[PDB]
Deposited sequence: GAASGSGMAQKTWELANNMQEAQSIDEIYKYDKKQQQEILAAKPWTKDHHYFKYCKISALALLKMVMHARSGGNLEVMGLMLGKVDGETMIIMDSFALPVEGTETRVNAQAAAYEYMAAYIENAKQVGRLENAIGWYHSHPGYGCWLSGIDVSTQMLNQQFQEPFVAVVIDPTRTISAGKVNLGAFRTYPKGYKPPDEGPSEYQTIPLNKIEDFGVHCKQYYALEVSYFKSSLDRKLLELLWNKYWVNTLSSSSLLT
């Protein structure tokens, strides 16, 4: 008796509680992010960030944008958040210009908020078509200014021509000297680029890149 109505009430309760849970998770993520941003542990430890988790969706969009440029470098902005020593990249958008970059950034955050996901500006990406993942002279100077003004901010470099050719980097501040050596993995770079590479290779380091697939990103 009233078994049918009970089942519909049960389904309604599950749906109403799921909606409340998503809202509480969003609000908890927001406060947590605001707290991490107030503490700024990265301003004291120059090697604080060590990991970079990239969604398949952000990767798909970045590779498509990088491929579309051909032999020309392209760039865009990335959305995500901080989780300890890990920089999370959840989404990205192609560029194109400053006001336009501001208005898209605001639109992507609102769109994610509607589906209960917290994200903000986390970095920039650009392509090195046919010459590997590293920071050039202009990239090192741009990323140093970013780690003073746009902080927390990561520099992603993609080489769409050749395996998973993506690098995530963090510069060292002016005057700071890191300890010992760090050539990491091998990368073949053209001879006409090797000097610019060498002149700036100790002014930054690489984050440990990993990839993830979100439930919302299963599209």
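Of the deposited sequence, the ranges 1-3, 100-108, 175-179, 237-257 have no C-alpha coordinates according to the record.
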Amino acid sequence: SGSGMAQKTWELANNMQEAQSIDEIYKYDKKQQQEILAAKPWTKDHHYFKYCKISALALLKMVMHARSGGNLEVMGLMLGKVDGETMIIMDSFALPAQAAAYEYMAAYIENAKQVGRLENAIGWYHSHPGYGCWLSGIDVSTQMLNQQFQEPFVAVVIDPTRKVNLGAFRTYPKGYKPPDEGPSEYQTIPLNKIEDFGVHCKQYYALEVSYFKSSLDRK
From here on, numbers count along this sequence of modelled residues.
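Modelled in this chain, residue 190 is nonetheless absent from a third or more of the other compared entries whose models extend past it on both sides.
Compared with the other entries of this protein, residue 206 is consistently built, present in every one of those that build its neighbours rather than absent from a third. The deposited model assigns a higher average Cα B-factor to 176-184 than to the other stretch when 60-68 and 176-184 are compared. Between 48-56 and 185-193, the higher mean Cα B-factor belongs to 185-193. The maximum CA B-factor among the listed residues 124, 134, 102, 93, taken from the PDB record, is found at 102.
The entry lists C-alpha B-factors for 138, 74, 89, 112, and the highest of these is at 112.
Ranked by Cα temperature factor within the chain, residue 155 sits in the lowest third according to the deposited record. The entry lists a Cα temperature factor for residue 38 that places it in the middle third of the chain's modelled residues. When the CA B factors of the chain's modelled residues are split into thirds, the value for residue 98 lands in the highest one. Per-chain ranking of the deposited C-alpha B factor places residue 162 in the highest third. Per-chain ranking of the deposited C-alpha B factor places residue 116 in the highest third.
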